[PDB]
Structure formats: structure tokens, C-alpha cells
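Since the structure comes first, as C-alpha cells, the remarks are kept for the end.
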Amino acid sequence: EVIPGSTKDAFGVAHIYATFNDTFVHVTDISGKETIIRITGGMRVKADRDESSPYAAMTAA
RNA sequence: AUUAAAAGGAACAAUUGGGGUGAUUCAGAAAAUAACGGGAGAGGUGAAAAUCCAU
């Protein structure tokens with residue numbers, strides 16, 4: 001049925017921190033002390049030069 | 001022993017001054033620590049490597 005801990009339509013905040021050497025997609029709650037899922041551009045690539053590629057950003061997003 | 005220099009100095013009235021000295025006072029970036037979430041990467045480069053990470 002429902003995923004444990006999940007609720008109905010709610011609000012989150014995404015902390016998109018994208019440098020020239022990597023990119024971060026990080027969503028938390030309204031408080032900001034609880035993180036839901038944090039995926040970076042380096043987890044969806046193999047080489048170190050593509051972590052900043054726009055392709056890795058959408059894949060993580 | 002002349003006058004009162006678009007020479008100079010002094011005085012006064014109004015101001016100007018990130019001019020100087022002392023005290024007071026505000027800011028948050030960076031970094032450090034404390035606690036919590038998360039769970040595999042992070043830095044850095046032309047590409048990497050050395051380095052940091054399951055303590």
C-alpha cells in the first residue's frame with residue numbers, strides 16, 4: 001500500500017548547489033533539519049570530469 | 001612718522017572634511033566546535049593525481 005512514513009500532498013524545499021566541479025540536488029522539509037533524498041551529480045557518472053555536465057544534473061534531479 | 005597689497009599672519013560667523021586619535025558599536029562570508037538528518041562519495045583539473053570520508 002502506502003510507503004511507510006509517507007503522507008499526502010506536502011511541501012519540500014530543494015537545495016540545488018551546483019559548482020563548476022559538481023552539482024548537488026538536496027531536498028529537505030520546511031524546517032530544513034530533515035533531508036528526504038540527496039543525490040549529487042557524481043553518483044550518476046563514471047569519470048570525474050562529467051560530474052558538472054548538465055546531463056548528470058537532470059539524471060540526479 | 002604714509003596706506004592697509006586679488007603679499008602674509010591673527011580674530012570672529014557659518015560650514016566642509018572615507019584628515020587624525022581614543023572609546024563604543026553593527027554585519028555576515030570563510031573556517032572551527034556542539035547536536036540532529038542522510039548514507040557514498042567529496043576535492044581538484046584540460047584530463048587527472050596527491051588529499052579528505054563508513055571513527
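Labeling convention for the C-alpha cells: chains A, B, ... as they appear, residues from 1 per chain, ligands from 1 in order of appearance.
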
Enumerate, in order of chain and increasing residue number, the residues of chain A with an atom no farther than 12 Å from chain B, each with its shortest atom pair and distance in Å to one decimal, counting only C-alpha atoms (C1' of nucleotides), as a tab-separated table.
residue	atom	partner	partner_atom	distance
A:19	CA	B:43	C1'	11.9
A:20	CA	B:44	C1'	10.8
A:21	CA	B:44	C1'	8.0
A:22	CA	B:42	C1'	9.5
A:23	CA	B:42	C1'	11.3
A:24	CA	B:42	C1'	11.4
A:26	CA	B:38	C1'	10.1
A:27	CA	B:38	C1'	10.9
A:28	CA	B:37	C1'	9.0
A:29	CA	B:37	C1'	10.3
A:31	CA	B:37	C1'	11.1
A:32	CA	B:37	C1'	9.0
A:33	CA	B:37	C1'	5.9
A:34	CA	B:37	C1'	4.6
A:35	CA	B:37	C1'	5.6
A:36	CA	B:38	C1'	8.0
A:37	CA	B:38	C1'	7.6
A:38	CA	B:38	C1'	7.4
A:39	CA	B:40	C1'	10.3
A:40	CA	B:41	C1'	9.2
A:41	CA	B:41	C1'	10.7
A:42	CA	B:41	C1'	7.9
A:43	CA	B:41	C1'	7.6
A:44	CA	B:41	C1'	11.4
A:45	CA	B:41	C1'	11.9
A:47	CA	B:47	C1'	9.8
A:48	CA	B:48	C1'	8.6
A:49	CA	B:47	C1'	7.8
A:50	CA	B:47	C1'	11.2
A:51	CA	B:42	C1'	11.5

Quick one: write out the picked residues with N, CA and C atoms as a JSON list (two decimals), in the first residue's frame?
[["chain", "number", "residue", "atom", "x", "y", "z"],
["A", 19, "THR", "N", 28.27, 23.76, -8.40],
["A", 19, "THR", "CA", 29.52, 24.45, -8.65],
["A", 19, "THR", "C", 29.99, 24.15, -10.07],
["A", 20, "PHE", "N", 31.22, 24.52, -10.38],
["A", 20, "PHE", "CA", 31.82, 24.17, -11.66],
["A", 20, "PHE", "C", 32.50, 22.81, -11.64],
["A", 21, "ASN", "N", 32.56, 22.16, -10.48],
["A", 21, "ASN", "CA", 33.20, 20.86, -10.35],
["A", 21, "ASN", "C", 32.25, 19.76, -9.92],
["A", 22, "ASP", "N", 31.00, 20.08, -9.60],
["A", 22, "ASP", "CA", 30.00, 19.11, -9.19],
["A", 22, "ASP", "C", 28.65, 19.81, -9.13],
["A", 23, "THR", "N", 27.61, 19.05, -8.79],
["A", 23, "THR", "CA", 26.28, 19.60, -8.60],
["A", 23, "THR", "C", 25.54, 18.78, -7.56],
["A", 24, "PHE", "N", 24.77, 19.46, -6.72],
["A", 24, "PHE", "CA", 24.04, 18.82, -5.63],
["A", 24, "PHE", "C", 22.55, 19.07, -5.79],
["A", 26, "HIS", "N", 19.37, 18.37, -3.34],
["A", 26, "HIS", "CA", 19.14, 18.02, -1.95],
["A", 26, "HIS", "C", 17.81, 18.62, -1.52],
["A", 27, "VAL", "N", 16.85, 17.78, -1.17],
["A", 27, "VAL", "CA", 15.53, 18.22, -0.75],
["A", 27, "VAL", "C", 15.35, 17.92, 0.73],
["A", 28, "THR", "N", 14.80, 18.89, 1.46],
["A", 28, "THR", "CA", 14.53, 18.73, 2.88],
["A", 28, "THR", "C", 13.07, 19.04, 3.17],
["A", 29, "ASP", "N", 12.71, 19.10, 4.44],
["A", 29, "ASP", "CA", 11.37, 19.52, 4.82],
["A", 29, "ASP", "C", 11.34, 21.04, 4.97],
["A", 31, "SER", "N", 11.30, 22.68, 7.72],
["A", 31, "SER", "CA", 12.26, 23.04, 8.76],
["A", 31, "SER", "C", 13.68, 23.06, 8.22],
["A", 32, "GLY", "N", 14.01, 22.13, 7.33],
["A", 32, "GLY", "CA", 15.35, 22.03, 6.78],
["A", 32, "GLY", "C", 16.29, 21.13, 7.55],
["A", 33, "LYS", "N", 15.88, 20.63, 8.72],
["A", 33, "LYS", "CA", 16.71, 19.73, 9.50],
["A", 33, "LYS", "C", 16.55, 18.27, 9.12],
["A", 34, "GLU", "N", 15.52, 17.93, 8.35],
["A", 34, "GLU", "CA", 15.28, 16.57, 7.89],
["A", 34, "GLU", "C", 15.42, 16.53, 6.38],
["A", 35, "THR", "N", 16.30, 15.67, 5.88],
["A", 35, "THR", "CA", 16.51, 15.53, 4.45],
["A", 35, "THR", "C", 15.73, 14.32, 3.93],
["A", 36, "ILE", "N", 15.14, 14.48, 2.75],
["A", 36, "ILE", "CA", 14.32, 13.43, 2.16],
["A", 36, "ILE", "C", 15.20, 12.55, 1.28],
["A", 37, "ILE", "N", 15.80, 13.14, 0.26],
["A", 37, "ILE", "CA", 16.72, 12.42, -0.62],
["A", 37, "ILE", "C", 17.76, 13.41, -1.13],
["A", 38, "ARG", "N", 19.02, 12.99, -1.11],
["A", 38, "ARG", "CA", 20.14, 13.83, -1.55],
["A", 38, "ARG", "C", 20.92, 13.06, -2.61],
["A", 39, "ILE", "N", 20.87, 13.54, -3.85],
["A", 39, "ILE", "CA", 21.59, 12.94, -4.96],
["A", 39, "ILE", "C", 22.49, 14.00, -5.58],
["A", 40, "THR", "N", 23.74, 13.65, -5.82],
["A", 40, "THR", "CA", 24.71, 14.55, -6.43],
["A", 40, "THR", "C", 25.03, 14.09, -7.84],
["A", 41, "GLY", "N", 25.62, 14.99, -8.62],
["A", 41, "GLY", "CA", 25.96, 14.68, -9.99],
["A", 41, "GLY", "C", 27.05, 13.64, -10.14],
["A", 42, "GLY", "N", 27.84, 13.41, -9.09],
["A", 42, "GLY", "CA", 28.90, 12.43, -9.15],
["A", 42, "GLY", "C", 28.48, 11.00, -8.95],
["A", 43, "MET", "N", 27.26, 10.76, -8.47],
["A", 43, "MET", "CA", 26.77, 9.40, -8.30],
["A", 43, "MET", "C", 26.20, 8.81, -9.58],
["A", 44, "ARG", "N", 25.97, 9.62, -10.61],
["A", 44, "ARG", "CA", 25.39, 9.15, -11.86],
["A", 44, "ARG", "C", 26.39, 9.18, -13.01],
["A", 45, "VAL", "N", 27.68, 9.30, -12.71],
["A", 45, "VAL", "CA", 28.72, 9.35, -13.72],
["A", 45, "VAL", "C", 29.85, 8.42, -13.31],
["A", 47, "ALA", "N", 33.50, 9.00, -14.91],
["A", 47, "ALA", "CA", 34.67, 9.85, -14.86],
["A", 47, "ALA", "C", 34.41, 11.09, -14.01],
["A", 48, "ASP", "N", 35.49, 11.73, -13.58],
["A", 48, "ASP", "CA", 35.41, 12.88, -12.69],
["A", 48, "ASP", "C", 35.12, 14.19, -13.42],
["A", 49, "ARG", "N", 35.25, 14.23, -14.74],
["A", 49, "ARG", "CA", 35.04, 15.46, -15.49],
["A", 49, "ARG", "C", 33.59, 15.68, -15.89],
["A", 50, "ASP", "N", 32.73, 14.68, -15.72],
["A", 50, "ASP", "CA", 31.33, 14.78, -16.13],
["A", 50, "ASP", "C", 30.38, 15.04, -14.98],
["A", 51, "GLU", "N", 30.88, 15.17, -13.75],
["A", 51, "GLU", "CA", 30.00, 15.44, -12.62],
["A", 51, "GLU", "C", 29.35, 16.81, -12.73]]

Need the shell around residue A:46: protein/DNA/RNA residues with any atom at most 12 Å away, counting only C-alpha atoms (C1' of nucleotides). Skip same-chain ones fewer than 6 positions apart. Format as JSON, numbers by chain? {"A": [52, 53, 56]}

Please produce an output containing N, CA, C and O atoms for each residue in the selection, written as a PDB file, in the first residue's frame.
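Result file follows (out_1.pdb):
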ATOM      1  N   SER A  52      29.927  17.724 -13.496  1.00  0.00           N
ATOM      2  CA  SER A  52      29.336  19.032 -13.737  1.00  0.00           C
ATOM      3  C   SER A  52      28.507  19.084 -15.010  1.00  0.00           C
ATOM      4  O   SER A  52      27.897  20.121 -15.290  1.00  0.00           O
ATOM      5  N   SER A  53      28.475  18.007 -15.784  1.00  0.00           N
ATOM      6  CA  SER A  53      27.744  18.025 -17.039  1.00  0.00           C
ATOM      7  C   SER A  53      26.256  18.226 -16.770  1.00  0.00           C
ATOM      8  O   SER A  53      25.731  17.720 -15.771  1.00  0.00           O
ATOM      9  N   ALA A  56      24.270  14.926 -16.156  1.00  0.00           N
ATOM     10  CA  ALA A  56      24.278  14.342 -14.821  1.00  0.00           C
ATOM     11  C   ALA A  56      23.328  15.069 -13.883  1.00  0.00           C
ATOM     12  O   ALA A  56      22.814  14.467 -12.935  1.00  0.00           O
TER      13      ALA A  56
END

In chain A, what's strand (DSSP E or B) per DSSP? Answer as JSON, numbers by chain? {"A": [13, 14, 17, 18, 23, 24, 25, 26, 27, 28, 35, 36, 37, 38, 39, 40]}

Looking only at the backbone, which of the residues in chain A does DSSP tag as helix (DSSP H, G or I), as a ChimeraX atom specification? /A:41-44,54-60

Dump of C-alpha atoms for the selected residues, as a tab-separated table (two decimals), in the first residue's frame:
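Written out: out_22.tsv:
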chain	number	residue	atom	x	y	z
A	41	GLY	CA	25.96	14.68	-9.99
A	42	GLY	CA	28.90	12.43	-9.15
A	43	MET	CA	26.77	9.40	-8.30
A	44	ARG	CA	25.39	9.15	-11.86
A	54	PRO	CA	24.10	19.12	-17.44
A	55	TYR	CA	23.23	15.51	-18.29
A	56	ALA	CA	24.28	14.34	-14.82
A	57	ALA	CA	22.19	17.12	-13.26
A	58	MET	CA	18.89	16.01	-14.78
A	59	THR	CA	19.67	12.35	-14.11
A	60	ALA	CA	20.20	13.16	-10.43

Separation of atom CA of residue A:3 from atom CA of residue A:30, in Å and rounded to one decimal: 20.3 Å
